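One chain comes next, on its own, written out as structure tokens in the form solved without its partner chain.
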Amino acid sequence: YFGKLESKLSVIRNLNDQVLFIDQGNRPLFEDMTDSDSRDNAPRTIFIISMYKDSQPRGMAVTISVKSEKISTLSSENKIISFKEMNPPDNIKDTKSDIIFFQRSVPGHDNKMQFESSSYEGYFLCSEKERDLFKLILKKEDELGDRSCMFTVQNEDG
């Protein structure tokens, strides 16, 4: 079971220092910081990362949420990325949750972070180039070390 401990406003960057944002179609994408749309994208680059106490410690249990009038929360339900129309909850009774990810440092690189789905073991948040877009996806990572599934997390107050 999980209990919410604290929340922080955060900026998430991929392996190429592109910044995670939510586009108008509610899709999580990565922008170059010289992107001509970076002015309009700015409010949608701020994420609420909530950290949870976990009765079965497996990594740092977090939810990733966005505020746009209402708060929505990243979900790995059905092994795809989506947003649930929910605030991060105070408590979660089960040991796995489609909105809980395990955040862990990369070996030898304490600043680089990976996010594993707590509901689908072996599935990680990753950045993937798809045509001209860079998308946040959920990907089954057999072997770790893929830098495309490594991020840095910057606190808005830090």
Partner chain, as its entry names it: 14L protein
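Positions refer to the first chain, counted from 1.
Keep in mind that the form deposited with its partner chain bound is not shown, yet the notes after this line are about it.
K.L.:
Do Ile46 and its partner chain share at least one heavy atom pair within 4.5 Å in the deposited bound form?
P.N.:
Judged by the heavy-atom cut-off of 4.5 Å, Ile46 is well away from its partner chain in the deposited bound form.
K.L.:
If we define contact as a non-hydrogen atom of the residue within 4.5 angstroms of the partner, is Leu125 a contact of its partner chain in the deposited bound form?
P.N.:
Result no; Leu125 lies far from its partner chain in the deposited bound form.
K.L.:
Using the partner position in the deposited bound form, report whether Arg58 sits within 4.5 Å of its partner chain, counting heavy atoms only.
P.N.:
Yes.
K.L.:
Taking any heavy atom pair closer than or equal to 4.5 Å as contact, tell me whether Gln103 reaches its partner chain in the deposited bound form.
P.N.:
Yes.
K.L.:
Would you mind checking 1-27 for residues with a heavy atom within 4.5 Å of its partner chain in the deposited bound form?
P.N.:
The stretch touches the partner through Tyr1, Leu5, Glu6, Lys8, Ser10.
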